[PDB]
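Take a look at this single chain in structure tokens; it is the form deposited in one PDB entry.
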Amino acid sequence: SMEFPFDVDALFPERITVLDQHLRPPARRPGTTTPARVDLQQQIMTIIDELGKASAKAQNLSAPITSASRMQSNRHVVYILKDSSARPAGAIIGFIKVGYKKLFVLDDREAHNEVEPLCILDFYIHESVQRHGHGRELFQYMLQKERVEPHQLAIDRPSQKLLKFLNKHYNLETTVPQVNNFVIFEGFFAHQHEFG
């Protein structure tokens, strides 16, 4: 999939790496690798920049919606999928980016609600390996770490591929019409209904 000069496996030991505005390299014990020629955080910044550009090309966007500089100035969390057993040994498969956002969301009565749901903001799997289950790997990992259910999410400008994905995997089919270009599904307001 996506190839980089520096040692990705040394940088990201785990299959899925979780980063936020700090862009902090995963933990490592002193001595377990020689200090790289490129600082670890610079490697991370380059990876985020390139992933965001690739996602923008996939989505036919004139500018990336994910980048190192945007990560540093926002409250977003990115989950990055890498294959530790890739061949030939070196690569990054893709990522999902989420964040809580304050939104004014319409309910099924067309009334406005001030809410702060977890939002799906950017999501990309390299073209060569789309439709192989990697998107679901990332999505599931994120749901588990964030402790949220699919119907509780808002989606920023979902693509056709993502709408199909959400219906297939999570039975998210029926939307509640919005004016803010986010999409929500039936069940979005269930928690508000129960708890207030």
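The first residue of the sequence shown is number 1, and the count goes up from there. Definition used throughout: the rigid core is the maximal C-alpha set that superposes within 1.5 Å between two forms.
Modelled in this chain, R29 is nonetheless unresolved in at least one third of the other entries of the protein that span it on both sides. Where the other entries of this protein model the residues before and after it, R87 is dropped from at least a third of them.
Going from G90 to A91, you skip over 1 to 3 residues of the deposited sequence that the entry leaves unmodelled. The mean Cα B-factor in the deposited entry runs higher for 101-109 than for the other of 101-109 and 116-124. On average the C-alpha atoms of 65-73 have higher B-factors than those of the other stretch, with 147-155 and 65-73 being the two compared. The entry assigns its greatest Cα B factor, within the set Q140, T34, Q160, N167, to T34.
Compared with the other modelled residues of the chain, the Cα B-factor recorded for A58 ranks in the lowest third. Sort the modelled residues of the chain by CA B factor and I184 lands in the lowest third. In the PDB entry, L19 places in the lowest third of its chain by CA B-factor.
From this point on, the text means the form deposited in another entry, which you will not see here.
Aligning the rigid core between the shown form and the other one and inspecting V148, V38, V129, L61, the C-alpha positions shift by 2 Å or more at one residue, which is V38.
With a cut-off of 2 Å and the rigid core superposed, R157 has a Cα displacement that falls short of the cut-off between the shown form and the other one. Comparing the forms between the shown form and the other one, the C-alpha position of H169 differs by less than 2 angstroms, with the core used for superposition. Wider separation of the C-alpha atoms of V38 and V8, by 3 angstroms or more, is seen in that other deposited form than in the present form. Distance between the C-alpha atoms of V38 and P25: shorter in that other deposited form than here (change of 3 Å or more).
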